[PDB]
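Only one chain is shown below, in structure tokens, and it's the form deposited in one PDB entry.
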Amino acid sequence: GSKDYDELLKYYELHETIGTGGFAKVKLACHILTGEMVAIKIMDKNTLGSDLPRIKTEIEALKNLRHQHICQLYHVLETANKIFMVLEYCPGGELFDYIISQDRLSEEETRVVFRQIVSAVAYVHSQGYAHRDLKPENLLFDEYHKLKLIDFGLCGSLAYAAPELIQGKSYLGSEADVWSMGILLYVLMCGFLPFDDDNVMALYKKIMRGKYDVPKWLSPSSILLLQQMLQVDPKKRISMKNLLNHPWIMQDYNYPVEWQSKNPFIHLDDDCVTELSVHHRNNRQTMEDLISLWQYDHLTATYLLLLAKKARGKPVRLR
């Protein structure tokens, strides 16, 4: 109802719907106080049904994941019938779009993108999580052409799922993510899937078999990294630690993947704390302690959006 939007519309101006993926809608919106554009995931609690616990799973995970290549959660607002998630806006489109418009990426272009994927996923695993749904549709570009991983509903698409997922057997989520990243690496450099079939049963068999075509344009180093990631035996898959400084990964770079987060939880920006304090009528030390609770209310949304507004070189001012 209109009651479900009262608190929301005190903080954001709604623009057009930019996507109806899954069972939720995502709208473009503008944070009134800072002017920064955000994405708002709208969910109807009476409609989510049994997919509703997975929404709590994604929120709890997003509250615990803060990293330059993970879509940032700014604000969680729950009403009587709606759950609102205010997220980092990614106008650059999906990695799916980038691949399909450049029928395939070169090895150099692939390394630029893949190193960001390895960065996000390695950080996810360092926090005790596994994504379990890695796919080009879940990686978006911002306005700086930097990748952002989205959709933590599981902590999946069949062509990216590891064979042990297909059989329904037990599995470690981290090893399942490495397989999907191997499928990602193949798609990035070939433009098509390594295992594909119009019939699901035939795709089941092709995945579990593990054999795939190796196009002629793949470098020898690309091939061996692929077979190091696309191992049917999950215990023979390359680990994440070995991926961070893998020879292929480091070609043209000569430094391992910077997987650790730079967006902190501890340190606060004094310019942002100052601008916030002179806008809520309370002393600065109280404003500093309130921000540090990280409730993902309007306060933390305003802080991190003002933080991002500052990084863009815009004046660190409110409204």
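Note that the rigid core is defined as the largest set of C-alphas that superpose within 1.5 Å between two forms. Each residue number is its position in the shown sequence, starting from 1.
- For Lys169, the record comparison shows coordinates absent in at least a third of the other entries of this protein that model its neighbours.
- In the other compared entries of this protein that model both flanking residues, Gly35 has coordinates in every one, well short of a third left out.
- Unmodelled residues of the deposited sequence between neighbouring positions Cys155 and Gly156 number 10 or more.
- In this entry, the higher average B-factor at the C-alpha atoms falls on 44 to 52, of the pair 44 to 52 and 63 to 71.
- Mean CA B-factor, 232 to 240 versus 187 to 195: the higher value falls on 232 to 240.
- Between the residues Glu143, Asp133, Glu137, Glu88, the entry's highest C-alpha temperature factor is the one at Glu143.
- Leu290: CA B factor in the highest third of modelled residues in this chain (values from the PDB entry).
- Placement of the Cα temperature factor of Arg104 within the chain: middle third of the modelled residues, per the deposited record.
- Compared with the other modelled residues of the chain, the Cα B-factor recorded for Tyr212 ranks in the middle third.
- When the modelled residues of the chain are ordered by their C-alpha B factor, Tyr12 lands in the lowest third.
- Placement of the Cα temperature factor of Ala301 within the chain: lowest third of the modelled residues, per the deposited record.
Quick note: we don't show the form deposited in another entry, though the next part is all about it.
- Annotation for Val26: C-alpha shift of 2 angstroms or more between the shown form and the other one, rigid core superposed.
- When the rigid core is held fixed, the Cα atom of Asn282 travels 2 angstroms or more between the shown form and the other one.
- With the core held fixed between the shown form and the other one, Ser50 has its Cα displaced by at least 2 Å.
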